[PDB]
Amino acid sequence: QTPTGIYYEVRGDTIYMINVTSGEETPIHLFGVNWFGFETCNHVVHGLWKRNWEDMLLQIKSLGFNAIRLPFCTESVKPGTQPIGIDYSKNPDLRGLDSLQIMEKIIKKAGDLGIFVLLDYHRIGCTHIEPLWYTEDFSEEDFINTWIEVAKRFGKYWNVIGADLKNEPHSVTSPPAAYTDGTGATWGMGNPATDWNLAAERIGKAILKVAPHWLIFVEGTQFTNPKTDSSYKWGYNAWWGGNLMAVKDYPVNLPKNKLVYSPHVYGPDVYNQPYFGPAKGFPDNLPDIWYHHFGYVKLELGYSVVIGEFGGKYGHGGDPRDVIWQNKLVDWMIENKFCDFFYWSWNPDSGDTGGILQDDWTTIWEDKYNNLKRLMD
């Protein structure tokens with residue numbers, strides 16, 4: 001049942017933490033941020049050239065966050081990979097540590113602060129998000145075996161809540177070819193080699209054998225199948241990892257008490273969607289768009305839904321409509337009780353969204369944070 005004494009599960013649309021010995025259950029909310037860099041060729045969370053890693057964790061806590069989503073790549077989690085770009089004067093307790101030891105040190109310190117950790121297998125190799133969970137040189141069996149080794153190691157840390165199986169399943173061609181050409185993720189197409197709903201069951205089963213106390217976070221795809229995507233006027237305009245329209249008729253076949261659906265959703269700083277024009281009803285059109293792409297997964301089907309990534313520059317050197325976008329999304333999350341989320345990103349060095357920190361890696365954007373804070377109370 002659990003190697004830590006703690007077991008995570010979903011009951012209805014809420015995540016619970018259960019102390020198996022005492023029998024005590026506590027509903028938890030995830031007020032999260034992504035801190036990325038383990039999935040990059042730095043092979044370490046970014047910003048350690050400018051900050052001490054613990055001070056960063058303290059600062060994230062001081063802002064009322066209680067969860068971190070931690071992207072990684074395959075080589076970050078194997079012993080022997082060296083981090084690049086750390087200022088060891090600000091980080092002397094990291095001297096002589098490889099990437100894996102640093103990840104263990106960060107997760108343990110997060111747990112001491114009561115911060116939950118979601119592990120996100122974000123890139124197979126450190127360069128770009130592949131559209132599928134395998135490449136020419138790296139098979140589905142390799143991907144699964146990496147998750148197994150990660151679940152065996154990190155399954156021993158009480159605060160690790162589970163596995164976001166693959167970051168942003170997506171397509172690299174347009175429909176109709178995206179459904180059949182073998183180069184991108186589908187859902188409900190029927191082919192188990194490309195259908196993410198089928199692969200997530202295969203990968204998720206393998207994880208739960210070795211970490212039965214974990215949760216399995218499953219993102220959407222970009223396109224699903226032509227019947228689902230055609231059934232809605234903005235069906236071909238969901239984000240990577242953002243299209244959960246096929247959940248209703250093609251649910252992932254995993255235990256309901258272990259499963260969390262985890263859509264990503266973005267604003268006009270990431271892509272100038274047609275629906276962001278006032279001419280197409282922006283912003284009052286947004287609730288029904290979110291509802292269709294993913295929100296019905298919670299509001300109609302009653303699954304647990306955690307927004308795995310959302311964010312934008314909030315008008316600081318980007319499209320000023322992003323302010324309106326992020327306000328409307330937070331208003332909608334509050335109204336509809338999407339209390340669990342991970343903001344993209346803690347890091348300022350994300351080209352099209354910036355983050356909670358400014359470029360100095362020290363000071364936060366107060367207005368963007370003020371808006372977010374409404375979800376935390």
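All Cβ positions, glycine included, derive from the backbone under ideal geometry; neighbour counts span all protein chains shown. No lab work stands behind these numbers, since they all come straight from the coordinates.
What to note about this one:
- Summarising the label geometry, the points placed 7 Å from Cα in the beta-carbon direction at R95 and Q1 lie 4.6 nm from one another.
- Counting only Cα atoms, segment 289-377 measures 43, 22, 21 Å along its principal axes, largest extent leading.
- For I148 and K248, the difference between the fully extended length at 0.36 nm per residue and the C-alpha to C-alpha distance is 33.1 nm.
- Charge dipole of segment 96-251 (Cα centre as origin; +1 on each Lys and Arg Cβ, -1 on each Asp and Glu Cβ, all else neutral): 580 debye, rounded to the nearest 20.
- Enclosing the Cα atoms of segment 234-357 in their convex hull gives a volume equal to 109 cubic angstrom per residue.
- Over the residues of the chain, the helix contribution to mean residue ellipticity at 222 nm works out to -7000 deg cm²/dmol, using -39500 (n - 2.57) for each DSSP H run of at least 4.
- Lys/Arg +1, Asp/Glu -1 at C-beta; segment 153-206 dipole; positive extreme among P175, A193, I161: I161
- Local electrostatic count, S304, Cβ distance below 12 Å [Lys/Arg +1, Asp/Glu -1]: +2
- The residues packed around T173, meaning those with a beta-carbon under 15 Å from its beta-carbon, carry a net charge of -3 if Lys and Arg are +1 and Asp and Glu are -1.
- Positive-pole candidate from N19, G354, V77, dipole of the chain, charges at beta carbon: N19
- Virtual paramagnetic centre 7 Å along Cα→Cβ of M376, amide N under 13 Å, in segment 1-33: 30-33
- Among beta bridges that DSSP assigns inside the chain, antiparallel share in %, nearest 5: 30
- Estimated from the Cβ-Cβ distance and a Förster radius of 45 angstrom, the FRET efficiency linking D367 and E141 is about 0.40.
- Dipole moment magnitude, nearest 20 debye, the chain about Cα centre, only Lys, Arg, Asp, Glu C-beta charged: 640
- In nm, spacing of pseudo-spin labels at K256 and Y232 (7 Å Cα→C-beta vector): 2.2
- The charge dipole of segment 251-377, taken about its Cα centre with unit charges on the Cβ of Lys, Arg, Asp and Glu (plus for the first two, minus for the last two), comes to roughly 500 debye.
- Over the chain, volume per residue of the alpha carbon convex hull, in Å³: 127
- Fluctuation leader among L165, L215, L301 - the chain, Gaussian network, Cα springs under 10 angstrom: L301
- Spread over its residues, the convex hull of the C-alpha atoms of segment 70-165 is 106 Å³ per residue.
- Ratio Rg/Rh, restricted to segment 130-253 and using Cα atoms, in which Rh is the Kirkwood radius: 1.00
- Added length on full extension, which subtracts the Cα-Cα distance from 0.36 nm per residue, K109 to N327: 75.3 nm
- Each residue in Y134, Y261 was given a count of other beta-carbon atoms within 10 angstrom of its own, and listing them fewest first yields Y134, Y261.
- Cβ-Cβ distance of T173 and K209, R₀ of 35 Å, FRET efficiency by 1/(1 + (r/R0)^6): the value works out to about 0.50.
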